[PDB]
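>>> just the structure for this:
(12 chains)
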Amino acid sequence: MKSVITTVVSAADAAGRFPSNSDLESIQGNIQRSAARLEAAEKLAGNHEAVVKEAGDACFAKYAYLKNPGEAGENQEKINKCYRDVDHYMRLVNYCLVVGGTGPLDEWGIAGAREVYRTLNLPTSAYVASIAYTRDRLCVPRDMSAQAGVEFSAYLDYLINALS
Amino acid sequence: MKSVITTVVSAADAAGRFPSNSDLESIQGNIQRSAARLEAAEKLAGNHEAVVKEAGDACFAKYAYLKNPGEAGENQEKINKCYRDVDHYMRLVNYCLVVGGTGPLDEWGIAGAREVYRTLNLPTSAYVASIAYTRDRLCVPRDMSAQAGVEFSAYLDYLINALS
Amino acid sequence: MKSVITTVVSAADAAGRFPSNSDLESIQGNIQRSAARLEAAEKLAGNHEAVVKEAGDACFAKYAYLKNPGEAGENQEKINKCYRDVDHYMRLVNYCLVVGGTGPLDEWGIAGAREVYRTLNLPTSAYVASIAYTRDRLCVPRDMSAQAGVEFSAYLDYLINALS
Amino acid sequence: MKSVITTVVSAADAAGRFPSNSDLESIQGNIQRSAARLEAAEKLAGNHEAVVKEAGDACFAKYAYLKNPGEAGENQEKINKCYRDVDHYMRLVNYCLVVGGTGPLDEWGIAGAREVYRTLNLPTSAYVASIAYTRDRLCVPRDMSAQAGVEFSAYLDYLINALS
Amino acid sequence: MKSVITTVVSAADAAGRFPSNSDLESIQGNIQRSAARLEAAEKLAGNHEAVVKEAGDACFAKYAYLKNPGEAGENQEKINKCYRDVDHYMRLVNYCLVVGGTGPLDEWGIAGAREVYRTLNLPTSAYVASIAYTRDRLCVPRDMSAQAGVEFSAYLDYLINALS
Amino acid sequence: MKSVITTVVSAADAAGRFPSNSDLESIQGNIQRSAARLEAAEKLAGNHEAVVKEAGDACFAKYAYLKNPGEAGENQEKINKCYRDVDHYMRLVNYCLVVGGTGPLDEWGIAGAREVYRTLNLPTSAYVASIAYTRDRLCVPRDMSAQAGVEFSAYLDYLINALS
Amino acid sequence: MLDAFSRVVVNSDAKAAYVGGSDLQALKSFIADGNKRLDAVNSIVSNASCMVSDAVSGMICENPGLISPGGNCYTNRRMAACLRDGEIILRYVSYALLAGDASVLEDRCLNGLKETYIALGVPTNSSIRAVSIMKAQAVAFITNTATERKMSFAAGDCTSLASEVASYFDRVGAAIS
Amino acid sequence: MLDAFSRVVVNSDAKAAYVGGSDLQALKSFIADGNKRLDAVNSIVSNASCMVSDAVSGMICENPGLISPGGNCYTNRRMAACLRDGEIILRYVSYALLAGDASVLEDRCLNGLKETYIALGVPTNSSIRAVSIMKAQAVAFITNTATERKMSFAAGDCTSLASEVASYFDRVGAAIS
Amino acid sequence: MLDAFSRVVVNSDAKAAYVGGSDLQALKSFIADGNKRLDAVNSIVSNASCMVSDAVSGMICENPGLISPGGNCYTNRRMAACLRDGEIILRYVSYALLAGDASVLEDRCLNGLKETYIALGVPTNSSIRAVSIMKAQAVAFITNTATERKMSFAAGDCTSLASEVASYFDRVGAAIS
Amino acid sequence: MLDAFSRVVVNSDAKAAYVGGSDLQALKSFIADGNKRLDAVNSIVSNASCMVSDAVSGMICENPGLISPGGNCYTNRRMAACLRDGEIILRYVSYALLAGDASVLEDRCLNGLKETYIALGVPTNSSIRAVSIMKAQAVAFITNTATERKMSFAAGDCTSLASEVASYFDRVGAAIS
Amino acid sequence: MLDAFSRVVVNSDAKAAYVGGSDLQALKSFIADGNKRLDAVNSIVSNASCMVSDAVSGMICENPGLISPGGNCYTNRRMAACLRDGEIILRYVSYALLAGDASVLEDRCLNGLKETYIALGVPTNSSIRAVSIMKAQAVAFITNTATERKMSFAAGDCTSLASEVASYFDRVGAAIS
Amino acid sequence: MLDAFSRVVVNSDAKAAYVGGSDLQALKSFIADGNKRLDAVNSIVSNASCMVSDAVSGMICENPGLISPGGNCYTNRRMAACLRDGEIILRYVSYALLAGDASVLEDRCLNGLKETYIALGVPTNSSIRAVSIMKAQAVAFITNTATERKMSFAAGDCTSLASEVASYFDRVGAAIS
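Numbers count the residues shown, from 1 in each chain, chains lettered A, B, ... in the order given. Have a look at this structure:
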C-alpha cells in the first residue's frame, strides 16, 4: 500500500541506506496538511448514501438504453449492483484521502482497471461520467475549505486520468 | 507480421535448426484451405462501401446520445470519421483473411487497443457491437460456402475477444 | 518428442495465445499425407530382419580390417551387437516415419551423436555407409508408391545429414 | 547528485508514473525548513579560515608523532595540505547543507572513502577527531538557532558514521 | 593461446588481484623441465619428412579400400594432401611441445575437430591410428631421454583423447 | 582456501578440461622451493612469544597517546588483546607460509580488512607499523638462508600492500 | 510436450513394439473427426470472455463468501487474479483439446498448484465451484445449445467430444483437489 | 539528478564560493511561491489524458500527412507510440516543473532522442507541431482560462510560472530540433 | 508495504466500515508528536556505527564463546557478517519507527530468518543477547541519558516512544526465537 | 519477418488497395507448385554437408591463396569459420526458398556483413568464388542431374525454381559485394 | 578449497597449536614422493577416454539391464550422460589425487548427489558397478601392469599411492551409497 | 593471449618454417635469466601501492592543474579513478614483464583507450607525465637503487631487464599518445 512514507522507506531500501532529511520533512508537511485533510471525510461518509443517487442516476440520464438483453442494465438487480459498485468507489476515495498516497488507488482500483470490465462487457465511460459530475460539484467557501477540496478534486481526477 | 509460416521459421530460429516436417505440411494445408479462403474477399471488397452504413448506423441505433459536447459524436465530421474508422476495420479483416496469421490483427489492430480510445475517450463497446451485428450476418449456402465463412467469423471474433 | 503438432502448440506457448489457423491446416495435410505415409511401415517391419544382413554386411564389405584387438569388431559378439545396433536404427526410422516430426530423430538418435562413439571409439562412417546403401535402394512404382518413398528417403537422409 | 527532490523524481522513474502527492509536500517542508537552513552558512563561510586552525591543530594535539619519515606529517608542506584537505571538508559540509540530500556527501566525500587514504597510508582517525571536536562545538541560543544547528550536527555526524 | 603462464595471468584476472606465489614457482619448474623439454624437437624436425611415410602409409596398410569414388582416397592428389595433413599434425605437436600448454592443441587442432571431417566425410580413425603407431614408437635410453619422451607421449595422446 | 594447486584445478574448472602441463611443473617447483620454505617456521613458532613484545611495544613507542577514553588503548585489557591480535597475525603468516598461496591471507585476513577496524575505530597504521619494523628485521646469512627470507618478507609485505 | 500422437509412441517403446496397425483404427478415426474438433474449438474461442464472465458472476451468485469484506477474494486485484486464474486454464484446456491429450496441464500449470494456493490461502470450495460450472458451461458451448448463439455446422453426432472435454475437466478437478 | 537547489551549488563549488546571502533573495522568493507552483501543477495533472488527446487530435486536424496510408504515423501501434511519445514527456516536463530546473530532460529522455527518431524515420515537422500546440495548451492550462474547467485558487499574478514552463518547452523544442 | 495509516484501512475494509471519526483521536494525536518522533530518530542516526560497535563489543564482553577458535563467530568475515547482521536490522527498526508500524520486518528481513541461520548454524543465545543489549541501548539513546551526548530538544514527556521501540524489539526478539 | 504472402500486403497498404483478384493468378499458381518446391527442397537438405564440403574443397582446388601460410584462411579454426560461414547461409538460402521471398537475408545475416568481414580482413574474391560455385552446385542439385544421386519425383518442368534460387544467389552475391 | 597442506592447519587452529615439527615427518615425506605422484598421474591422463570406454563397455558386459528397452540407461542421450557422469568424476578423483586430499568431491560434485539421481531414477547397483570397476582399473593403471602400455619410470615401491587412490574410491563409493 | 614463446610461432607459421635451432640461442638465453626476471618482479610487487602513491603525489607536485577547482581531476572520485587508472596498468605492465611480450596491453587495456579518455575529457599531458615518472621510478625499482629498500639478490648485470621494461613503457606511452 503506497503512501508518501512508504515511498521514502523504499527509497531508503533502494539506497539501502540511512534515514536522512529525505524523510524528515515529508512528515512535517503531514503535520500541516493531513490535519488540513481529514475534515472532509465525515460528510464524505455523511453523503455516501446520497451521492450514489445523484451520480449513478445521472449516468442513467446519460445512458438509458439498457433495456435490451446482452447489455449491462437489462434488469434492476444490475442497477442496484451499480449502486453497490459506486458505493465502494467513493469508499475507496475516502481511503486514498486518508492515506495520501495512491496505493489504494493503484493496487485497489487500478490494478485490474484496463481489461476487467472490458471482458465483463461494461464501459468505463459511465464510470468516468458520474465522477465527471463530481468534478466541480464541491463548494470551497461553503461545503468545506479551499485548502483540501481542490486536492479532493485532484484525488478523484487522478482516478479518472488513471481510468482514461 | 505473423503468419503460420512466420511462426515456423521463428520456431526454426528458436530451435536454431533445420526445416524438418514441422514445416512441410503446414503449407500443404494452405494448398487446400487458402485456396478455400480467397473467394470471400471480392465481395468483402464488393460490400465494403455498404457494410459501413449498416453496421455504424446500427451502432447509432445502439448509441444515439452523442449530441452533447464533451462526448464523441458531437458533430457530423466525427460521424464520417467513424465511417473512416470502420473502413479500415473491415479492410484489416480483409488483410488477416489473406495472410491467415494474426499479425495484421496483433501488431496492426491490437498493438494499441486497450488504452488508445481510453485516452481518446471513446468506447470500444460500439467497436464490438457493430461487429456483433456481423456475427451470424453471413449465409453459408447463399453468401459463400460453409468452408470459410465460419473461419471468417472466427477471424473477426478473435478480433472481438482481443477487443474484449 | 517433437512433431508438427508439438511445434505449433509450443508456438502457441511462445505466443502464449490462442489456436488460430496456424494450427488448423497442418492437421489437414496429415489427413492427406499421413494417410499417404503409413503403408510403407508394414514391409519396413517385414524387411526388418533382412535389411540388417544386407546393410551391415555391406559395411563389412566396406570395413573388413576388424580382426586386430584395440579395434571394434575383434570378436563376433561385437558383430552381432552391430546387428543389434542397426536393428534399432531402422526401428527408429519406423518411429520418425509415423510421427512425422524429428523428435525421435533428435532426442532419440541425435541427442548423443557427435561424441558418443567418438569416446566409444567407433566410426560413424559405417553408420552412414549402410544407410548410403539404402539411399536409392527403394522402388517407387514397385516397392511402394512415389508419394512416400522420397519422403522416406528424406527421413533417413536428414538422419545422415545429422550424422554428418 | 542526490537531494530529496532527486529521490522522488527517481521514485517517479522507479514507478515510471506521474507526480502525485509523494512529491507535493516534500517541497513545502523546504518552504519551512530550507528557509530555516540557509542562515548558518554565512558564518560557515565566515569561520572557514579559522575552524581549520582549531580543528587540525587539535588533531596535531591529538597526533604529534609525525616527525619520522615514512609517516604522514614528516614535512610542513604535508601540514599545509592538511589545511587544504580540511578546507574542502567544511566546504563540502557547506554544500550538503544547502542541498539537503546526501549527494555531495555520498558521491563527493564517500565515493572514495574506505580505501583511498588506506592506500595513501593516512588514518581517518584524525579525520573523525577534528570533527569530533566540532560535535557539540556550536551554541543553539548564541551561535545560531536551535532549529538548524542540531541538523548541522546531524550533517557532519552522518559524515562521520559514513567515515566510520 | 593457452600456456601454463597464460592460465595464471587469467587466474590473476579471475582474482583481479596481484601475482602471488601461485605464479612464482610454476616458472621455476620450467627452469628445470622446459630445459628438459627442448632437446627432442630437433629430431622431431629431423624426422619430419620421414615420420609421414611410415605413419600415413601404415594407415594405408590399415585403410586400403580407397579406390572407389565417393570415398576419400580416390586419387593420388588426395594421398599427397594426406601427407600435407599429417605434416602439420607433427608440426603442431612440435608447437605444443615448446609452449607446454594445450593452446596450440585446443584452438588450433581441437577447435574444429568433432564435426569438420564429419562434414568433409573423412574418418578420424586413421587420424588416431597413425598416431597409435607412434604410441610406444620412441626409445627412452636410445632416441632421447626418459625425462621427456613419456611427456611427448602424453602430448600426442591427449591429442588422441581429444580426438576420441 | 587459495593455493597454487587450487588455482590450477579451478583453471581446469574454468577450462572444464583435463590436467595438462599447466599443472605438471608447478608441483615440481614445490619439490624444490617448499622444501626450501618450511625451515623458517620453527623459529617463527619459536619467536612467537617474543616478536609481540618487540613489535606491539614499538607501536606503543609509535602510538602512546592512548590514555584518553573514547580511544583504543584506554585500559590495559585493550593492550593485552592487542597482544592477542598480533598473536594471530604472525600465526596467519605462519599459515600462508606453509600453503604458499594467498588464501589464508585473502579470505582470512583481507576478507574483512578495509572497513572492520574503521567501524571498530582502530587504525591500521599501527597494524602496518609493527610489520614495518619486521621489514628488514631478518638476517639472510644468520637467522635463516637467503632462499626463503626474502619470500617471507614478500609474504608479510603483500599483507601490508593489501592492508594499504 | 506430448500428444495423442505421442503417447502411442511412449507405450510402444515401453514395449519396444511397433506403432502401426494395432492402434491404427483409433488413429484414422482420430483424424476422421478432426474437422469435428475444429467445429468444436472455434465455438470455444467465440465467447471466452463471456465464459469467464459467466463463471465469475455465477460464483458471486451462489457464493457471497468470497466477496465478504475481509474475505478471500473480495478485491478487484483478486478478481483480476481469477480473471487470470480462470482464463489461462481456459487457454490450457483449449490446449488439451487441440492436442487431444491431457499432457499439458499438470506439468504446465498445475506444477504444485493447490499447495501454492493454500500458501496464498485460496479456499478449495470456491475452486471446485469454479471448475464445475465452467465444465457444465463448456459442454453446453461445444454443442449448439446456447441461448441464441447458433453457429452453423454440419449436423450429426458429436458426443465423443463431450466425453473428451469432461475427461480433461475432472482431470483438472481432481488435480486441484 | 539536479535541481534549482542544486545548480546553485554547482556554480558555487565551481568558484569554491559560498552558497548563502548572495543568491538567497532568489531562494526565499523561490519558496514563497511554492504553493503557487502547487496551484499550477495540480491543474496539470487534472487533464493529462485530455492534454495528450487534444495534442494528437489537433495533429490530425491540420495535418493529414501522418494518417496518410503508407505514411509515418498511420497505425494504431504508432498512435499508441505517440500516446507514449507524448505522455512520458508530459510526465518529464511535470518533473522539470516540480524540480524548478531543466536538468531532467536531455539526460533523461533526450539522450540522443532525434537521432533515434530519424533511425525510426520520424519527421521533425510533426514533432515541432506536437510540442508547440502542447506548449500553447499547457500555458492555457496553468492559468484558469479553460473552457469551463475553473478550479479555485487564490487570485493574483502568476506569470512567472508561464515564463517557467515556456522555457522548458523551447528547451525541449530546440533539443528535438 | 504497510503503515499505521494503512492498517487502519485494512481493518476498515475488513468490516467494510469507515475510516473517519472513530480512530481519529489516535490519528491526530499520532501526528501531534510527529516532531517528537523526528526528535527521536535523528538521535538514532547519530551513533549507528557506535550502536553496532557497542553491541558487538559487549557481545565479546560477556561472551567469549563466539570468539573461541573453531567457534561460531570467530572470523573477521563473520564479524563483518554481524556487522551487516546488526546494521541492516538497525536500518529496519528505524524503518518500523518511521512508519510507526511493525509491518516492515518479518515480510522484509525475517522471511524465514532463523531457519536460514540454523542452516548457517547460528546459535540463538548469541542472537538474543545481541537484540536485548541493542534494545536497552536504543531506549537509552532515544532519550538524552547518554554519557555526554546531550542533544538539544524541547523538554517534556516522550515515554510513548519508548513503548513504541520496545514493541518493535520484542517483535523481532520473538520472531528470531 | 516477411514472405511472398506478405509483400503482396505491403504494397497493397502502400496504396491502401485490395489484396484479391489482381495478383491472385500469381497466388494460386504459387501454391500450385508448392509440392514442386517441396520436391526441390528435400534434395537441398539431402547433401548439405556434401554441399559445403564440395564448396570448400573446390575453393582449395583453384585457390591455394587462402591455405598459404600466414594467409587469410589457412587455419582449421578458420576452416571451422567457413564451415559456419558457408553452412548458416545455406540454411538462410533454404529459408528464402521456403518463404518464397528474399526478405530473410540482409536483415538477418547480412546486417552489415562485409564491413565486419573487412574488419576481420576477409578477401572478397574468395567470397565471390564461394557463393558462385555454391550457386552452380545448388542449381545442379535442385534438379536430378547429379552424379548418381537420382531421387524420385514426378517428371516435368521445374525451371521456375532455378530462376528462384539464382535470384536469391545474386541477391546475396551483390550484397556481399 | 582444501588440501593435505590445509587440513594440517585446520586441526592446528582447532587446538590453537603449532604446525611445525610434529607432523613434519609426514610433510617432507609427502613431498619426497611428489615426483612419484607425478609418475602416477600422467599415467592417469594417458587413457582417460579409454578409462571411461572400458568402464561403460564392461557395464554393458555383465549388465544388459540398463540397455533393456524402456530401461534406465538405454538411450545415447543417457550414454552421453554417463559419458559425463563418468568422466567428470574421473576429473574429480584426479583432483583429489593431485591435492592429496579428499576435500574436493562431496562439496564439489556430491552436493546431494544420489538424491538427485534418485530424482532422476538412477539405480544404485549400476553406479556401484561403475565405480568399482573403475577403481580396479585405476589401480591397475597407476602401476605399469597394463596390456602393453608400458611407460618408463624409475623402478621401486609405490603402493602408498594405491592405498591413496582406493581411499578416494571408497569415499566416493560410500557417498554414492 | 600471446607470449615471447608464442610470437616465435606466429612468424614461423607465417613462413611455414620451423621453430628450432635458429632462434634457439635467444630461447635458452631467455630462460637462463628467468630467475633474474623473478629477481626483478618481486621487487615490483613489493611497493606497488607506494609506486602509485609516488606517481600521483609527484603529479600534484609539479602539476597543480588537475587539482584546480573545476579542473579535470580534482575530486576524490577522480583520484580513485587514477588510483585504478594507474594501478591496473601497473598490473598490466607486470603482465607484459612476466610474459616477456608486449601482447597484453593494446588488446587488453588500450582497446581504444585515449579516445574514450577524450570522451571523458582526460588531458594527455597529465597522462604522459604519469607514465613517464612511473617509468623512471620502475627502472629505479627493478634495480636495488632505492632509498634504503635494499633487497637481497645475486649480484651482477641485469640491464637487459631495464631495456625490457622501458620498451613496454614507451609502447604504452606511444599508444596513449
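
>>> look up the closest residue to residue 68, ignoring the ones flanking it.
All of this is about chain A. Distances taken as Cβ to Cβ, 6 or more residues apart in numbering or on different chains place residue A:74 nearest to residue A:68, at 6.6 Å, with adjacent residues excluded. For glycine as for every other residue, the C-beta is placed from the backbone atoms N, C-alpha and C.

>>> actually, chain G is the one I wanted.
Excluding its sequence neighbours, the residue lying closest to residue G:68 (Cβ to Cβ, 6+ apart) is residue G:74, at 6.1 Å.

>>> am I right that that neighbour sits in a strand?
No. Residue G:74 sits outside any strand when classified using DSSP: H, G, I helix; E, B strand; the rest coil, being coil.

>>> the residue of chain A found nearest chain G: what secondary structure?
Nearest residue of chain A to chain G (Cβ to the nearest Cβ) works out as residue A:112 at 3.2 Å. With three-state DSSP as the basis, residue A:112 sits in coil.

>>> tally up the residues packed near it, please.
By other Cβ atoms under 10 Å in any protein chain shown, the residues close to residue A:112 number 19.

>>> count residues in the vicinity of the residue nearest to residue A:68, would you?
Other residues lying near residue A:74 total 13 when counted by other Cβ under 10 Å.

>>> show me what contacts it?
Counting by Cβ atoms under 8 Å, 6 or more residues apart in numbering or on different chains, residue A:74 makes contact with A:66-68.

>>> in TSV, list those residues along with neighbour count and secondary structure.
Putting the contacts of residue A:74 into TSV (neighbours: other Cβ atoms under 10 Å in any protein chain shown; DSSP: H, G, I helix; E, B strand; the rest coil) gives the following:
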residue	neighbour count	secondary structure
A:66	15	coil
A:67	9	coil
A:68	9	coil
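
>>> mind putting the residues you listed into JSON lines with distance to residue K:136?
JSON lines is the format used below for those (distance: Cβ to Cβ, whole Å):
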{"residue": "A:66", "distance to residue K:136": "87"}
{"residue": "A:67", "distance to residue K:136": "91"}
{"residue": "A:68", "distance to residue K:136": "87"}
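
>>> ok, and the closest non-adjacent residue to the residue nearest the centre of chain A?
The centre of chain A sits closest to residue A:93, judged by Cα atoms, centre = their mean, with a distance of 3.3 Å. Of all residues not flanking residue A:93 in the chain, residue A:156 sits nearest, at 5.1 Å (Cβ to Cβ, 6+ apart).

>>> where's that neighbour, which helix or strand?
helix A:149-163 (DSSP states H and E).

>>> using CSV, list the CA coordinates for that helix.
What follows is helix A:149-163, C-alpha atoms only, in CSV (Å, rounded to 0.1, in the frame of the first residue of the first chain):
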residue,chain,number,x,y,z
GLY,A,149,-11.3,20.4,-1.8
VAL,A,150,-9.1,21.0,-4.8
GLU,A,151,-6.9,18.2,-3.5
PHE,A,152,-10.0,16.1,-3.1
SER,A,153,-10.7,17.0,-6.7
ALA,A,154,-7.2,16.1,-7.6
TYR,A,155,-7.7,12.7,-5.9
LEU,A,156,-10.7,11.6,-7.9
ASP,A,157,-9.4,13.1,-11.1
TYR,A,158,-6.1,11.3,-10.9
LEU,A,159,-8.6,8.4,-10.6
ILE,A,160,-10.1,9.3,-13.9
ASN,A,161,-6.8,10.0,-15.6
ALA,A,162,-5.9,6.5,-14.5
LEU,A,163,-9.3,5.4,-15.8
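
>>> got phi/psi on residue G:21?
phi -80, psi 50 (degrees, to the nearest 10).

>>> count of neighbours near it?
Applying other Cβ under 10 Å, we find 13 residues neighbouring residue G:21.

>>> before we move on, the earlier item: pretty sure the residue nearest to residue G:68 contacts residue G:63?
No. With contact defined as Cβ atoms under 8 Å, residue G:74 does not reach residue G:63; the gap is 11.4 Å.

>>> could you report the neighbour count for the residue nearest to residue G:96 when sequence neighbours are not counted?
Distance criterion Cβ to Cβ, 6+ apart; nearest residue to residue G:96, sequence neighbours excluded, is residue G:168 at 4.7 Å. The local packing of residue G:168 (other Cβ under 10 Å) involves 22 other residues.

>>> hang on, the earlier thing: what helix or strand is the residue nearest to residue A:68 on?
Using DSSP H and E, no helix or strand contains residue A:74.

>>> helices or strands up against the helix holding residue A:156?
The criterion is 3 or more Cβ pairs under 8 Å, 6 or more residues apart in numbering or on different chains; DSSP states H and E, and the helices and strands that helix A:149-163 contacts are helix A:76-99, helix A:103-105, helix A:125-133, helix H:34-44.

>>> list the contacts for residue A:16?
So residue A:16 contacts residue I:91 (Cβ under 8 Å, 6+ apart).

>>> may I have the phi/psi pair for it?
Torsion angles, degrees, to the nearest 10, at residue A:16: phi 70, psi 30.

>>> what does residue A:69 give?
When read as degrees, to the nearest 10, the backbone of residue A:69 gives phi -70, psi 160.

>>> any idea how far it is from chain C?
27 Å (Cβ to the nearest Cβ, to the nearest Å).

>>> ok, what's across the strand from that residue?
residue A:71 (DSSP bridges).
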